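Heads up, the chain below is alone and in the form deposited in one PDB entry; it's given as structure tokens.
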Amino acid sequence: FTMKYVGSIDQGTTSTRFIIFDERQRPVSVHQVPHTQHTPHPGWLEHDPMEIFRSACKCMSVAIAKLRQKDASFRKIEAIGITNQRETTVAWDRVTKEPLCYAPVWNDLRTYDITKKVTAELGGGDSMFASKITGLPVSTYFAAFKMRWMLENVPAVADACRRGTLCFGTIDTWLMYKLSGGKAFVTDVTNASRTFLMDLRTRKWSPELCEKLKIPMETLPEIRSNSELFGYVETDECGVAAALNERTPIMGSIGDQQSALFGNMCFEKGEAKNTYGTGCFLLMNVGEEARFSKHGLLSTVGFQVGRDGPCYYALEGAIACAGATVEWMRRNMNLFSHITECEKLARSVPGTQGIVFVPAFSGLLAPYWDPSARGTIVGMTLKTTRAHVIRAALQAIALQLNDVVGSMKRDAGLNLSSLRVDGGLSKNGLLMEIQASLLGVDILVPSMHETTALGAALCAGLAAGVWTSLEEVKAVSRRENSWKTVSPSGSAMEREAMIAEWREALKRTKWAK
């Protein structure tokens, strides 16, 4: 007769949150705790993994306490799910159970040398040399290269290898270990697919790649699915085992972007979501068979519910961040003071009237991957004003979105039936409209924006029988969490012409070096 509840640890780049969902998929208690963004050298970023673990734990205790106040009958959480910033890589010790050093983060660039050394000496100049095993190019992001760095550069890690005590893992594995008090060394397929060490289609580790990249398989955890028993919460770090009252299984684990994909109900092929945040990503569910990319996209696991469940696959494109760009204009250029001005300034003109603004501040991502491109504005006259500039920026973000979707259609051989939006600037109507116009499809916007956290809880709830199937999940959602829907409103010669402007502008972005 009382509510069943599922727990979600959302371990992000800048903070950690615990969200408790009820069986109707509503966030009923939340707590958030930030952690320190250590940047020792230009271009490095690094996290304290004990800080992360303690944050996770504080979030669970405070969230649990806040719910108890709201619902005094609630005795236990059915299960806990983990979603996490991917690729960020932790090194720890099997016996001390303690980190050997700080965790270099997804967008950290200390792995640059090692990246060229790998392309050159292991894959003769082709970045895409192992893209049929991993689904990925050689890039600074991926875990194996951070792993490599910490073996070369960090004495205690180099040391711990010798002794057979060295564990490596992405943040899912790290949290999941420490929560288990040391008893669990596992990872899920979505996180593993970002190591550069896993085979995309088998979802097993690749001895070819470990051997080549010089990573002892002893260090690596057991790959499992996203939805199944990973272990139990058995730490009393900030009272957590106490607050949970019963022993609580961890039955969900999944990378943030996939988790947003899962939690926005993109279960069918052609369904896709655009997430905002510390980084911005478009993922498309492409179906049961992997799709590789000739147009600079990543091939990756969408989700796999259960060991024997079918594996859904995805293509992934990183774009510009509406948010970063908007904040830059406000805080660096002073083109407005508060975010409400932004949309009105953009709305106050009927177009860019000639200008294009390519916000390639740290290179061009998406189907272009040009790290020499820098932020550029073209076409300005004495009549141009900050309204045009702000507008052009929002157009620019829709435009890379479109080139990325273009690339996805080609690689995947499918259409994008719908785009779901989530992360902050899904709340800008004008942007949602231009996106809607340019892609020629609908843009869904949930009123329960909390969908990244939800994915992991759905994973954990499915596994534990809170919800019974993907069908029930979808139904409860349709029934409980409402969803605004933005429809296209463009010509074709508008679309063709705005893109034509865009094409010419990109030619003028090459700057660095």
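So that there is no doubt, residue numbering starts at 1 and follows the sequence shown. Think of the rigid core as the biggest set of C-alphas that the two forms share within 1.5 Å after superposition.
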| query | finding |
| --- | --- |
| Average Cα temperature factor in the PDB entry - higher stretch of 49-57, 464-472 | 464-472 |
| Higher-scoring stretch by recorded Cα B factor average, 204-212 or 378-386 | 204-212 |
| Residue selected from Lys116, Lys273, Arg110, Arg86 by maximal Cα B factor | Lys116 |
| Residue of maximum C-alpha B factor among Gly302, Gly363, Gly252, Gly424, per deposited coordinates | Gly424 |
| For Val441, the third of its chain into which the C-alpha B factor falls | highest |
| Cα B factor band for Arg194 (lowest, middle or highest third within the chain) | lowest |
| For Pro371, the third of its chain into which the C-alpha B factor falls | lowest |
| Relative C-alpha B-factor of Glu316, binned into the chain's lowest, middle or highest third | lowest |
| CA B-factor ranking of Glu504, expressed as a third of its chain | middle |
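Another form, the form solved in complex with a small molecule, is not on view; read the next lines as being about it.
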property: One stretch from 379-387, 420-428, 262-270, 208-216 that, in the entry with it bound, holds residues within 4.5 Å of the small molecule by heavy atom; result: 420-428
property: Proximity to the small molecule in the entry with it bound, single hit among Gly323, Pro221, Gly231, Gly287 (heavy atom within 4.5 Å); result: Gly323
property: Of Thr278, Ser437, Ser180, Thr352, the one that lies within 4.5 Å of the small molecule in the entry with it bound (heavy atoms); result: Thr278
property: 4.5 Å heavy atom contact, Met333 to the small molecule in the entry with it bound; result: no
property: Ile339 within 4.5 Å of the small molecule in the entry with it bound, heavy atoms; result: yes
property: Shifted position (C-alpha, 2 Å or more, core held fixed) between the shown form and the other one, chosen from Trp205, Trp106, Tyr232, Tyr276; result: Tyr276
property: Shift of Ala320 between the shown form and the other one at or above 2 Å (CA, core fit); result: yes
property: Did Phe185 shift 2 Å or more between the shown form and the other one, C-alpha, core superposed; result: no
property: Rigid core superposition, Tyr368 Cα moves 2 angstroms or more between the shown form and the other one; result: no
property: Pairwise C-alpha change, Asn428 versus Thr278, in the entry with it bound against this form - closer or farther, 3 angstroms or more; result: closer
property: Cα separation of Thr278 and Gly429 in the entry with it bound versus here, shift of 3 Å or more; result: closer
